[PDB]
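Heads up: the sequence lines are chains A and B, in that order. Numbers in the entry's author numbering are just positions in the first sequence, counted from 1, shifted up by 700. Numbers in the entry's author numbering are just positions in the second sequence, counted from 1, shifted up by 700. Heads up, the beta-carbon is just placed ideally off N, CA and C, and yes, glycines get one too. A short write-up of the structure that comes next.
There are 2 protein chains.
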Amino acid sequence: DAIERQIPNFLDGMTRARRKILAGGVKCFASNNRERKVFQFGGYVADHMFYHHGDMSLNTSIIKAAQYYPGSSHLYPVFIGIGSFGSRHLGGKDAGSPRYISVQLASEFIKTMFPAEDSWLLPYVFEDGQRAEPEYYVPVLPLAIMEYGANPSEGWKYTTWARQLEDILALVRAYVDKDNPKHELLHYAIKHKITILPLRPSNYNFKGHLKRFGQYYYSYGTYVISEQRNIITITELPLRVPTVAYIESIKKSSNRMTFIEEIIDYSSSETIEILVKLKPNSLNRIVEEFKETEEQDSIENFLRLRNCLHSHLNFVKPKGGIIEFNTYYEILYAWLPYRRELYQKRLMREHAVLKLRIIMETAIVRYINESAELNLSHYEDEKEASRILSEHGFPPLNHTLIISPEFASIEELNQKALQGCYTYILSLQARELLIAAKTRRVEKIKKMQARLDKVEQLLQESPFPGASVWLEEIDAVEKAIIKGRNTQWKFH
Amino acid sequence: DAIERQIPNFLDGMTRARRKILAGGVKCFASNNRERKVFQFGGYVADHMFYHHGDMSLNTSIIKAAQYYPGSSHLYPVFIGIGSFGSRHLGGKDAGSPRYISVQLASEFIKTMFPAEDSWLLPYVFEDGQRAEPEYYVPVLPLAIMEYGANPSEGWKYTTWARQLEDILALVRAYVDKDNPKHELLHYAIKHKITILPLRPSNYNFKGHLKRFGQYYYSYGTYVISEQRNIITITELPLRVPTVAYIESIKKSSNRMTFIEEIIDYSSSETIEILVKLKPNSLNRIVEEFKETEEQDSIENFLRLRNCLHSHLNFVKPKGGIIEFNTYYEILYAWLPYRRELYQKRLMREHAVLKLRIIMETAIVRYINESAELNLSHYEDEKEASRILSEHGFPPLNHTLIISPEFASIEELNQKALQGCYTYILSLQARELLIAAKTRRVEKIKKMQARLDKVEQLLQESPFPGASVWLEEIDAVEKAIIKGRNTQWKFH
C-alpha cells in the first residue's frame, strides 16, 4: 500500500491519490471552468472520489500538483493556479494559504494529453459498488518519465531525472509513422532490444550543462570570477537544489570558510544571482590546496556546482505488481503497446456502436414508411403491439444501451442491446410520423454510414490500427505544449 | 390609508396585512403542514406577499393572530401555535420570543371556513404586475362580526363585541333552507327591514351575565362573601379586562382603599381567583356610604364588576369606501348577497370548464377513431396538418387554458380557449392510438357528462343557486368548529 502509493505506475508517474485528484477535477470543471478556491475543490474531491485520508495531505498534494516553479517536479501543471504557490529560492514549500489561492483545471491541455473520449474505455476499479478512479490513465505522450521526482519514498529514494521533449517526440513519431526512414530500423532495434536514438535529459530553463562519465552524467552550473573586486558571481546551480539550502551548505564547511568572506543573496526563483566576496590570496591558495582535476576545477571543487545524477526507476505494473527497470528504453518499450491496444479497443467499440445506431434508425424509418399498412389502432394490449410489430420485421432493441453505451465490453454491447422493449417506436400522441423527421433521420443514417466506412478504413491501417489518429493526437499535444510552455502556463 | 388599515372591511374583520398573512400562509403550508418558526414564516410573507412594512409589526400581528387566550380578539385561531403566546392575567402581551415559538396553518379548519376552490374566484388586486392578495375574502360564516375587537384605532375606538354562534347559525340556515317555517317569513322580514330573531352576545368561557337597559347590555361578574374571614372571592370579571390592570385599578381608588386591607392574587388566564380581605365593619359602612341601587349593589359598586358594552361599527366597503352601520342586522344583510353571487359565479365558471373539457376530449377520441381514414403520414408541414385536420372536423383549441382555467372571466374562458394550435393531437411518436386509452378517455367523458348534468340541475336551485352547497358547507364549518372547540385548537 505504502509502496503502492509512494512508488507510481510506469504509466502515470503519479499516485492513486493524484489520479483521484485529476479524476475529481475533470468531474468538477467539465460544465464550467470557473476557478474555485482550494478547500471547495478539496471537499468536492473527498466527497466524490472517496479521498481515503485527511484533508491536510489532500490540500498538500493539490498545491504540490499546482507547483509551477522552474525546477519543480511538474513541467506540466495539471492545474492553472492563481495566487502564490511557492519559490525554489526559498526551498519551494512557501505556498499560500488554503483560503486565498485558486485552482482551476487546465482542460485545454488535458483534453489533448488525456483522451477525453477514451475516458470511458479505461479499466476502472469500481469498488464499493460505485464509480471510482482509473486503475491507470493512458496519456498521449509517455508522461510517466517526462517529469522529475526527488523524494524520500518507500523502498528507494524516488528519483526521476527528466528527459528531453523532442527526443521522445522523435522516438514516438518514429514508432508510429512509416515515413520515417528509421521506421523498420526502429522495429529492427526494438526486436533486437538495442538503443539507436538520442535520449537526453532536459534542458528547459537550465543554463548549465551535462557530460557522460562511465555510465553517470555530471551536471555543471556556472560562475563568474573577478579578482578586481575579488567577487565570484554564481548564476547557475545544479539540478533542483534550493537557494537558501545552497548558501547554508556553503556556510557549513569551515574548511572552505577559511577564505569565505561575504555572501550576498540577490537571487530569486526567477533568477539565481549570488555575489561572493572572498579574502585576498583566495584562488591561488585554493589551487595550492584543492587538487584541480579534469572532472572539476578549483572553482567547481570549491563552490560545488556539479551533480552526479544517479537514478532509481522501479515502478508499479498494473493488475498488481512491481516492475523494476534499468533504462529509459525499457520504459518506452513497455509504454507503447498499451496505447496501441487502447486504440484497437477504441475503434472496435465505436464500430459496434455505429452498428447498433444504424440498425435502430433503419428500423424506425421502416416503421414510418409502414404507418399505412400497420394502422393498428384497433389494439388494446401493448404486448399485442409487440407481437404484431414482431411480424412485420422490427427487431427487439434495448435502446437504453443504444443511446448511451456506457463502460461495457463490446460483446455485451452487441448482446444485451438487442433484447429490449419496442418503446422507441411508441411513446405518446401522433405527429412524429410526418416525413420531415423521416428526412432528417435519413440524413442521420447517411452520415452514420459514411462514418462507419471511415471506421472500416481505419481498422486496416498499417502497421497497427488507428496510427493516423495517434499522429493527429501527438500533433495536438505538440500544439498544446507549444501553447502552454511558449506562454509559460498562462494560457492567455 | 391608516383608516383603511386600522378599520377593517365588513367581510373580514381583518387588515389588508392580515389577509396578506393568511394568503402567504396558505401559499406556504399547502404542500406540507410542517411548522416553521415565526421569522421564517415572516420572511416568506415579506418576500412573497410584498409586505409593505417592517418585520416588527409583521411578527407583532402574526403573534396577535396566534393569540389563543380566553378573552382574545380571536375565537378562531388562524394558526395553531406551539410555544407560549400570552396571558390575559398579565395583560395579554406576554408572548414568547420570535425565534423560538412556532406557527402553523390550521388548514383543516381553513379549507372549510375559506372556500379553497373559490380562492381562484376572488377579485384579486394584481399590483406591481404580479400576484397579490384578495381585495376581500369571503368566508362561509359572516366572520367579520363573530370576534371581538377592542383597540385604539383610526376615526373611532375599534369595538366589536361578539355575538353568539348558534344565533348566526339559525339566521343563515333560515336564510338558505326553505324547510324553515320562518323562511319566507325571514324574506318578509328582510324585505321589511325588521328584526325577528334573537341576536345574543357570546357566552363561551364567560360565567358572568348580561342584561339590557336602554339600548345597552350591562355585564356582571361574580363574587363570594364571607364576613367570617371578611374575604370576598372574585371569580368572574367583565368582558376582557386583564387581571393585573383590575387589581391596580382597585388600588387606584383611595376612597375605596379606606376598607381595602389585603388583595391576594391566585388567578391566572386559565382561572380568575382573587381573594380580598377587608377591614372589620367594611360592608355595613359601605352600605352606609355606597347607595345600593338596582343597577349595582354595594359590592358591584365597590369592586366594579360591571360593564357598559358600547360599540363602534363603521367598516370599509370593497371597491373603495367606508360603510357605516347601526345594527348587526345591517351587517348580516350586507353579508348575504355577496356570498350568493359568489356561488353563482362559481358554478357558472365550472359549467364553462366542463363544456371545454368535454369538447376537447370528444375531439381527441374522434381523432383516435379516424386514425385509419387520415393516416396522413405523407405530409411534411405542420400547417398542412392544421388545414387537413380542419377538414375532417377538429376544432381549434387553446388547450393551455383548457387544462388550467386560471383567474378568468367566463366570457374570456369561452373566447380565447378556442383559438389555439392542435398540438394536443400531435407532439411525439405514435403508440397512444392503442384503444385502451380510448376506453379510459370515454370513461372520462361519461363522468364529465354526469357531473355536467348535476351542475345544470344545481343551476336551477330554489330560490337562488348553489344553496344546497352552502348548506353542506355550513355543515362542514359546524363540524370544524365543534371539532376545534372540543379540542381547544389542539386538533389532537
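Point to revise | DSSP state of residue 761 (chain B) mapped onto helix, strand, coil | key: helix
**Study point:** 8 Å Cβ cut-off: residues of chain A touching residue 1125 (chain B)
**Key:** 1129, 1130, 1131
Check your understanding: For residue 744 (chain B), which residues of its own chain have a beta-carbon under 7 Å away from its beta-carbon, when the five flanking residues on both sides are left out?
Key -> 724, 728
Practice item. Could you give the DSSP three-state label for residue 1008 (chain B): helix, strand or coil? Key: strand
Check your understanding: Within 7 Å (strictly less), CB to CB, does residue 1063 (chain A) reach chain B?
Key -> no
Check your understanding: For residue 905 (chain B) versus residue 1105 (chain B), is the C-beta distance shorter than 7 Å?
Key -> no
Exercise for review: Put residue 1116 (chain A) into one of helix, strand or coil per three-state DSSP.
Suggested key: coil
Check your understanding: So, is the C-beta of residue 1079 (chain B) closer than 7 Å to a C-beta in chain A?
Key -> yes
Exercise for review: State yes or no: is the beta carbon of residue 1072 (chain A) nearer than 7 Å to at least one beta carbon in chain B?
Suggested key: yes
Point to revise | residue 658 (chain A) versus A:764, A:842, A:793, A:956, residue with shortest Cα-Cα distance | key: Since the displayed chain A opens at 701 and closes at 1192, residue 658 (chain A) lies outside it and no answer follows.
Point to revise | Contacts that residue 1097 (chain B) makes with chain A (C-beta to C-beta distance below 7 Å) | key: Chain A residues near residue 1097 (chain B): none, gap ~14 Å exceeds 7 Å.
**Study point:** Limits of the unbroken alpha helix (DSSP H) element including residue 1014 (chain B)
**Key:** Per DSSP, residue 1014 (chain B) belongs to no alpha helix (DSSP H); it is in the beta strand (DSSP E), 1014 to 1016.
Exercise for review: State yes or no: is the beta carbon of residue 1134 (chain B) nearer than 7 Å to at least one beta carbon in chain A?
Suggested key: yes
Check your understanding: Quick one: what does DSSP say residue 709 (chain B) is sitting in, helix, strand or coil?
Key -> strand
Exercise for review: Using a Cβ-Cβ cut-off of 7 Å, state whether residue 732 (chain B) counts as contacting chain A.
Suggested key: no
Exercise for review: Count the other C-beta atoms from every protein chain shown that fall within 10 angstroms of the C-beta of residue 1007 (chain B), then say buried if there are 16 or more, exposed otherwise.
Suggested key: buried
Practice item. Taking 7 Å as the cut-off, decide whether the C-beta atoms of residue 1166 (chain B) and residue 1043 (chain B) are in contact. Key: yes
Exercise for review: Check each candidate in A:817, A:775, A:809, A:763 and name the one with the smallest Cα separation from residue 799 (chain A).
Suggested key: A:763
**Study point:** Beta carbon of residue 774 (chain A) nearer than 7 Å to that of residue 969 (chain A)
**Key:** no
Exercise for review: Starting from the N-terminal side, write out each stretch of the beta strand (DSSP E) that is 3 residues or longer and does not extend beyond the segment 848 to 914 of chain B.
Suggested key: 849 to 851, 858 to 860, 909 to 913
Check your understanding: Would residue 712 (chain A) be called buried (16 or more neighbouring beta carbons within 10 Å of its own) or exposed?
Key -> buried
Review point. How many Å lie between residue 1115 (chain A) and residue 1129 (chain B) at the Cα?
Key: 27 Å
Review point. By DSSP, does residue 767 (chain B) sit in helix, in strand, or in coil?
Key: coil
Check your understanding: Which runs of the alpha helix (DSSP H) fall wholly inside the segment 1054 to 1111 of chain B and span at least 4 residues, in chain order?
Key -> 1071 to 1074, 1082 to 1091, 1099 to 1103
**Study point:** For residue 933 (chain A), the three-state DSSP class (helix, strand or coil)
**Key:** strand
Practice item. Say whether chain A places a C-beta atom closer than 7 Å to the C-beta of residue 759 (chain B). Key: no
Exercise for review: Could you work out which residue in A:1055, A:1163, A:1127 is closest to residue 1117 (chain A) when comparing CA atoms only?
Suggested key: A:1055
Exercise for review: For the alpha helix (DSSP H) containing residue 1173 (chain A), list its first residue and its last residue.
Suggested key: 1167 to 1185
Check your understanding: So does the segment 808 to 823 of chain B actually touch the segment 834 to 852 of chain B, counting three or more Cβ pairs closer than 8 Å?
Key -> yes
Review point. Whose C-beta lies closer than 7 Å to the C-beta of residue 715 (chain A) among residues of the same chain, with five residues either side of it excluded?
Key: 705, 708
Check your understanding: Is it a yes or a no for the segment 924 to 938 of chain B touching the segment 969 to 988 of chain B, going by three-plus beta-carbon pairs under 8 Å?
Key -> yes
Check your understanding: Do you know offhand how far residue 867 (chain B)'s Cα is from residue 899 (chain B)'s?
Key -> 6 Å
Review point. From this set, A:958, A:847, A:1009, A:879, which residue's C-alpha is nearest residue 914 (chain A)'s C-alpha?
Key: A:1009
**Study point:** Member of B:1099, B:1074, B:734, B:1102 whose CA lies at the smallest distance from the CA of residue 1090 (chain B)
**Key:** B:1074
Review point. Contact check, residue 803 (chain B) vs residue 735 (chain B) under 8 Å by CB: the rounded distance?
Key: 7 Å
Review point. In this structure, does DSSP put residue 920 (chain B) in helix, strand or coil?
Key: strand
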